[PDB]
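Encoded as structure tokens, the structure appears first; notes follow it.
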Amino acid sequence: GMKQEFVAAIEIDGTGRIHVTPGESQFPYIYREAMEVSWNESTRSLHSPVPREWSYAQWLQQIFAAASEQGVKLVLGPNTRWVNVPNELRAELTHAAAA
Amino acid sequence: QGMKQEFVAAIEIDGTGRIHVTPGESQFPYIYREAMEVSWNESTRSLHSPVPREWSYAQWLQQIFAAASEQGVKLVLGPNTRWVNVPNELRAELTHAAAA
């Protein structure tokens, strides 16, 4: 049950987000799709997040931060097992878990 | 305060490239509720990330078109399509990404 529609504009804003402005439709609730697409009303555009390349280090900290929100401070031990983590990365990750 | 310190039993990057943190004892069934893009996999009892991925404008355009399509609108680029601050090459690549 679709419906074809022309895009009025494609734009990259000053923060690097890409905006697609629909020919006519509005999507105030595009967030409910859980696809990290947002709606900016002032410009009636669907847009991406600010460009982001997340390292494993940053994801590790994110995972730690989430567990912390639920009352658990995770720490690495001398017995923690590292599985399929290159040596160079392990160092970086270990530093991440502490920083 | 109620904050419990705990050992990590394992760090693992799986076959799909997600990084897994296996807590020593705690479980986090509702971790998704923190809205932080972290998930709990009960079969492996681990917190994990999504699959890694580089930033790509083409992909993001496709992602944007895909979100719109879920809400019943198939977007298409036209000859009258206005491009603001989109460099020549990116503009070509974005055009092709919208076609494929």
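Chain labels run A, B, ... following the order of the structure tokens; each chain numbers its residues from 1, and ligands are numbered from 1 in the order shown.
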Give one line per residue of chain A that approaches chain B to at most 8 Å, naming the two atoms of the closest pair and their distance in Å to one decimal, counting only C-alpha atoms; sort by chain then ascending residue number and deliver it as CSV.
residue,atom,partner,partner_atom,distance
A:1,CA,B:72,CA,6.4
A:2,CA,B:72,CA,4.7
A:3,CA,B:73,CA,5.2
A:4,CA,B:74,CA,4.9
A:5,CA,B:75,CA,5.1
A:6,CA,B:76,CA,4.9
A:7,CA,B:77,CA,5.3
A:8,CA,B:81,CA,5.2
A:9,CA,B:82,CA,4.4
A:10,CA,B:83,CA,4.9
A:11,CA,B:84,CA,4.5
A:12,CA,B:85,CA,5.7
A:13,CA,B:85,CA,7.5
A:18,CA,B:57,CA,7.2
A:20,CA,B:64,CA,7.6
A:22,CA,B:75,CA,7.3
A:27,CA,B:68,CA,7.7
A:30,CA,B:67,CA,6.9
A:33,CA,B:67,CA,6.5
A:35,CA,B:67,CA,6.6
A:37,CA,B:64,CA,6.2
A:46,CA,B:64,CA,6.8
A:47,CA,B:64,CA,7.0
A:48,CA,B:60,CA,6.5
A:51,CA,B:55,CA,6.2
A:52,CA,B:55,CA,6.1
A:53,CA,B:54,CA,5.7
A:54,CA,B:52,CA,7.7
A:56,CA,B:19,CA,7.0
A:59,CA,B:49,CA,6.6
A:60,CA,B:19,CA,7.5
A:62,CA,B:36,CA,7.5
A:63,CA,B:38,CA,6.1
A:66,CA,B:34,CA,6.7
A:67,CA,B:31,CA,7.4
A:68,CA,B:3,CA,7.7
A:69,CA,B:34,CA,7.7
A:70,CA,B:31,CA,7.7
A:71,CA,B:3,CA,4.7
A:72,CA,B:4,CA,4.8
A:73,CA,B:5,CA,4.5
A:74,CA,B:6,CA,5.0
A:75,CA,B:7,CA,5.1
A:76,CA,B:8,CA,5.4
A:77,CA,B:7,CA,6.1
A:79,CA,B:9,CA,7.4
A:80,CA,B:9,CA,4.8
A:81,CA,B:10,CA,4.5
A:82,CA,B:11,CA,5.0
A:83,CA,B:12,CA,4.5
A:84,CA,B:13,CA,5.7
A:85,CA,B:13,CA,6.3
Given only C-alpha atoms as the basis, pick out the residue of A:42, A:15, A:87, A:55 nearest to residue 28 of chain A.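 Nearest to residue 28 of chain A: A:42.
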From a DSSP calculation on the backbone, collect every residue of chain A in alpha helix (DSSP H) and output the set as a PyMOL selection string. chain A and resi 56-69+87-98
Would you save the residues of that selection, restricted to C-alpha atoms, as a tab-separated table (two decimals), in the first residue's frame?
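Written out: selection_20.tsv:
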chain	number	residue	atom	x	y	z
A	56	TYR	CA	35.08	-1.03	19.58
A	57	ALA	CA	36.58	1.06	22.39
A	58	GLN	CA	33.60	3.43	22.31
A	59	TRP	CA	31.12	0.56	22.13
A	60	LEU	CA	32.79	-1.10	25.14
A	61	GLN	CA	32.38	2.12	27.12
A	62	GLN	CA	28.77	2.37	25.96
A	63	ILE	CA	28.13	-1.19	27.11
A	64	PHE	CA	29.79	-0.42	30.47
A	65	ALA	CA	27.78	2.80	30.83
A	66	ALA	CA	24.51	0.94	30.24
A	67	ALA	CA	25.30	-1.71	32.86
A	68	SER	CA	26.26	1.08	35.25
A	69	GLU	CA	22.83	2.69	34.69
A	87	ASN	CA	46.32	-7.80	20.54
A	88	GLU	CA	46.49	-4.18	19.39
A	89	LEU	CA	42.77	-3.79	20.06
A	90	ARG	CA	42.80	-5.56	23.45
A	91	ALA	CA	45.30	-2.98	24.69
A	92	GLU	CA	43.06	-0.19	23.42
A	93	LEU	CA	39.95	-1.81	24.95
A	94	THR	CA	41.62	-2.44	28.29
A	95	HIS	CA	42.54	1.23	28.36
A	96	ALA	CA	38.93	2.00	27.47
A	97	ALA	CA	37.48	-0.04	30.34
A	98	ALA	CA	39.57	1.97	32.80
Could you pull out the residues in chain B that DSSP calls strand (DSSP E or B) from the backbone, as a list in words? residues 4, 5, 6, 7, 8, 9, 10, 11, 12, 13, 19, 20, 21, 22, 23, 39, 40, 41, 46, 47, 48, 74, 75, 76, 82, 83 and 84 of chain B
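Across the model, the gap from atom CA of residue 86 of chain A to atom CA of residue 99 of chain A is 19.7 Å.
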Hey, can you check how far atom CA of residue 41 of chain B sits from atom CA of residue 49 of chain A?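 Going from atom CA of residue 41 of chain B over to atom CA of residue 49 of chain A, I get 26.4 Å.
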